[PDB]
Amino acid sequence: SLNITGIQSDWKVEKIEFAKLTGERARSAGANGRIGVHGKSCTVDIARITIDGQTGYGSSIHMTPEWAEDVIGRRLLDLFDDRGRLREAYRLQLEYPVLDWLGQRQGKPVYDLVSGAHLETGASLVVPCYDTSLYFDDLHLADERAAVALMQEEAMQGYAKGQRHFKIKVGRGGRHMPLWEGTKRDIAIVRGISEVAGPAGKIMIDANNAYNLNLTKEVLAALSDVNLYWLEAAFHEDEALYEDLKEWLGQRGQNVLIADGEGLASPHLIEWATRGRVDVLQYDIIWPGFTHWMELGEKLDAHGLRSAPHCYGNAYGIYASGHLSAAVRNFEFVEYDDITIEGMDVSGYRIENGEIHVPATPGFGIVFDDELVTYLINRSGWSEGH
């Protein structure tokens, strides 16, 4: 985990500032199984923390000025418990700015701070990613073949920018199209993208809970000849239904992993996973967060389970996920959305051959525009301390 031996006890939180950054994704995202068009506009809530005269930047949620006021003057060491873990009370609000800060101060990327590695460092961090942007962008098209063509073109847009693996939204028949037609269209689209991605491209499908078990089996059977890497959120997680699905997949010799964990998850999901009903856990990279994921990842690794942190709606989480991978053995993929946030320079990262290359620069390797953030803090955000 985190090594905090070189943190001096005199280093205190001097200032906390907050602002909302805005940008856009490269291509507008349509509906998914459960809700309507997501659009192009993106935001990231950011805090800038100052400790011992140095700044760190990162995602911050659930923080008010009044909360922050109470943290000004506290010693950085006191934010950690006896184990070198950031205390629960500070995680959502400050883990990212604090981790970035530690990286800036020590001149190390976060991945080196959290790997717990013993062997000499220096090797570049290269992490598998997948293109998560394949929404229901075809709904304005009545013709199934036209729809497949459009979705193939979207996959090819990602492919030209280095993407090799793709997560395809399915569930069109749950809400937005008639049940049977939408399910037929899901299948055709998945086939179409498979053809684009080729033999080494991993394909995932995400129903946003719009299926039931029999719809799921109908789709999986139809896609027998297609290699599917995982099935995500087929329906709200249920141990009995997944036990059934797993047995069914086994009898068929169909190798598809079951992935779940986003949103308001069952409190028993991990238990179900340890019993073999779910293979890949997808708690979000912002909530419950990075520190939580370090601990969770250790537990999942211990059970031979896989980690694939959810990230959507927050560009910052992409880069966080990349660093988290160094602390988790069975880390699957960074969930990638192509986003440009104003004031948030992520050019140190690049995508090539289905992997994100994480830079070895300090902290999270993201360079914020200090002056723009200051403007946003003052206009619409807030500041505590000095």
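Residue numbers here begin at 1 and follow the sequence given.
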query	finding
Stretch exceeding the other in mean C-alpha B-factor - 251-259, 275-283	251-259
Of 103-111 and 219-227, the stretch whose C-alpha atoms average the higher B-factor in the entry	219-227
Peak C-alpha temperature factor (PDB record), options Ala233, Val71, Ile187, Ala155	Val71
Of the residues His310, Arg175, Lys169, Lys246, the one carrying the largest Cα B-factor as recorded	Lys246
Record-listed C-alpha B factor of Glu352: chain third	highest
Chain-relative CA temperature factor third for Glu239	lowest
B-factor third for the C-alpha atom of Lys12 within its chain	highest
Assigned third (lowest, middle, highest) for the C-alpha B factor of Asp82	highest
Ranked against its chain, the third holding the CA B-factor of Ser325	lowest
